[PDB]
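S.K.: Have a look at this one before I ask anything.
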Amino acid sequence: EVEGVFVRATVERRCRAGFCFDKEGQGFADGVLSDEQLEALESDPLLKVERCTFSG
Amino acid sequence: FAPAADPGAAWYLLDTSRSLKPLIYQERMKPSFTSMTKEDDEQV
Amino acid sequence: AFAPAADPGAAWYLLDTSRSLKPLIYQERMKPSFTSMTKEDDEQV
């Protein structure tokens with residue numbers, strides 16, 4: 001299963017090509033991989049958070 | 001290296017600070033809010 | 001190879017043990033708070 005998605009149609013901080021944006025709802029809560037990079041990707045839900053597990 | 005030689009002796013000092021509001025603590029530890037509604041008991 | 005199950009009860013360990021982490025608590029939203037009831041139509045969850 002998926003512990004949480006926290007999407008609400010908003011990611012925390014998806015930073016690519018040297019610029020940090022806010023979209024695509026790529027929020028995860030698990031230590032499967034890239035936890036160090038998961039800190040950077042996550043840790044900034046500017047807007048509201050809605051958790052709807054996908055049971056993946 | 002961005003140093004700043006300063007006299008700090010005149011009536012005013014450089015880079016003067018402006019304290020508007022103190023560090024009032026903001027908390028979200030009660031079911032009152034929608035963070036615990038929409039999420040698994042997330043306090044802030 | 002429905003699926004029944006045979007379980008002993010004499011031993012003081014019983015199959016399918018339960019863990020009551022916390023006692024049942026009734027939560028409410030009478031407090032002047034929450035959005036889905038003020039911003040959105042009243043819900044008094």
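By convention here, the chains of the structure tokens are called A, B, ... in the order presented, each chain's residues are numbered starting at 1, and ligands are numbered starting at 1 in the order presented.
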When you get a sec, could you note down which chain B residues fall within 12 Å of chain A, using only C-alpha atoms, as a PyMOL selection string?

M.R.: chain B and resi 33-42

S.K.: How would you write, as a list in words, the set of residues in chain A that DSSP gives as strand (DSSP E)?

M.R.: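 Strand (DSSP E) assignments inside chain A correspond to residues 14, 15, 16, 19, 20 and 21 of chain A.
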
S.K.: Store the residues picked out above in a file with N, CA, C and O atoms, as an mmCIF file, in the first residue's frame.

M.R.:
```
data_model
loop_
_atom_site.group_PDB
_atom_site.id
_atom_site.type_symbol
_atom_site.label_atom_id
_atom_site.label_comp_id
_atom_site.auth_asym_id
_atom_site.auth_seq_id
_atom_site.Cartn_x
_atom_site.Cartn_y
_atom_site.Cartn_z
ATOM 1 N N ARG A 14 8.960 20.671 -5.929
ATOM 2 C CA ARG A 14 9.534 19.907 -7.034
ATOM 3 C C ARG A 14 10.504 20.829 -7.763
ATOM 4 O O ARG A 14 10.098 21.627 -8.613
ATOM 5 N N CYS A 15 11.787 20.717 -7.433
ATOM 6 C CA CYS A 15 12.815 21.606 -7.959
ATOM 7 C C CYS A 15 13.586 20.886 -9.055
ATOM 8 O O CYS A 15 14.179 19.829 -8.813
ATOM 9 N N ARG A 16 13.574 21.462 -10.257
ATOM 10 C CA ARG A 16 14.240 20.883 -11.412
ATOM 11 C C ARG A 16 14.885 21.991 -12.229
ATOM 12 O O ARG A 16 14.397 23.124 -12.263
ATOM 13 N N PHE A 19 15.442 25.539 -10.847
ATOM 14 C CA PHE A 19 14.300 26.321 -10.400
ATOM 15 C C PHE A 19 13.359 25.432 -9.600
ATOM 16 O O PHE A 19 13.098 24.287 -9.982
ATOM 17 N N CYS A 20 12.856 25.963 -8.487
ATOM 18 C CA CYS A 20 11.953 25.234 -7.605
ATOM 19 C C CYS A 20 10.523 25.687 -7.873
ATOM 20 O O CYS A 20 10.222 26.883 -7.802
ATOM 21 N N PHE A 21 9.651 24.731 -8.178
ATOM 22 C CA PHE A 21 8.256 24.988 -8.509
ATOM 23 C C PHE A 21 7.349 24.288 -7.498
ATOM 24 O O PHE A 21 7.811 23.675 -6.533
#
```

S.K.: Identify every residue of chain C that has at least one atom within 12 Å of any atom of chain B, counting only C-alpha atoms, and report the result as a list in words.

M.R.: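 The answer, sorted by residue number, is residues 26, 27, 28, 29, 30, 31, 32, 33, 34, 35, 36, 37, 38, 39, 40, 44 and 45 of chain C.
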
S.K.: One decimal, in Å: what's the spacing between CA of residue 35 in chain A and CA of residue 2 in chain A?

M.R.: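 Computed distance, CA of residue 35 in chain A to CA of residue 2 in chain A, equals 15.4 Å.
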
S.K.: Excluding residue 4 in chain B and its own-chain neighbours fewer than 5 positions away, which residues fall within 12 Å of it when counting only C-alpha atoms? Please give them as a list in words.

M.R.: residues 13, 14 and 15 of chain B

S.K.: Write the residues of the selection above to a file with N, CA and C atoms, as a PDB file, in the first residue's frame.

M.R.:
```pdb
ATOM      1  N   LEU B  13      22.816  53.350  14.561  1.00  0.00           N
ATOM      2  CA  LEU B  13      23.736  52.299  14.157  1.00  0.00           C
ATOM      3  C   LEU B  13      23.308  51.739  12.806  1.00  0.00           C
ATOM      4  N   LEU B  14      24.272  51.180  12.080  1.00  0.00           N
ATOM      5  CA  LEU B  14      23.983  50.613  10.771  1.00  0.00           C
ATOM      6  C   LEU B  14      23.103  49.375  10.897  1.00  0.00           C
ATOM      7  N   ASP B  15      22.330  49.113   9.845  1.00  0.00           N
ATOM      8  CA  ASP B  15      21.511  47.908   9.766  1.00  0.00           C
ATOM      9  C   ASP B  15      20.596  47.789  10.982  1.00  0.00           C
TER      10      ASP B  15
END
```

S.K.: Pull the helix (DSSP H, G or I) assignments for chain B out of DSSP run on the backbone, and list those residues as a VMD selection string.

M.R.: chain B and resid 35 to 38

S.K.: I need the chosen residues saved as a compact mmCIF listing (two decimals), in the first residue's frame, with N, CA, C and O atoms.

M.R.:
```txt
# COMPACT_ATOMS: atom_id res chain seq x y z
N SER B 35 -6.45 20.23 9.72
CA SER B 35 -5.25 19.42 9.51
C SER B 35 -5.45 18.02 10.07
O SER B 35 -5.10 17.02 9.43
N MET B 36 -6.03 17.92 11.27
CA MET B 36 -6.35 16.62 11.85
C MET B 36 -7.57 15.98 11.19
O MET B 36 -7.76 14.76 11.31
N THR B 37 -8.39 16.77 10.50
CA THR B 37 -9.52 16.22 9.76
C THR B 37 -9.07 15.57 8.45
O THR B 37 -9.37 14.40 8.20
N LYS B 38 -8.35 16.32 7.62
CA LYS B 38 -7.91 15.86 6.32
C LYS B 38 -6.72 14.92 6.39
O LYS B 38 -6.43 14.23 5.41
```

S.K.: Figure out the distance between CA of residue 28 in chain A and CA of residue 11 in chain A, please, to one decimal in Å.

M.R.: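 Interatomic distance here is 9.3 Å.
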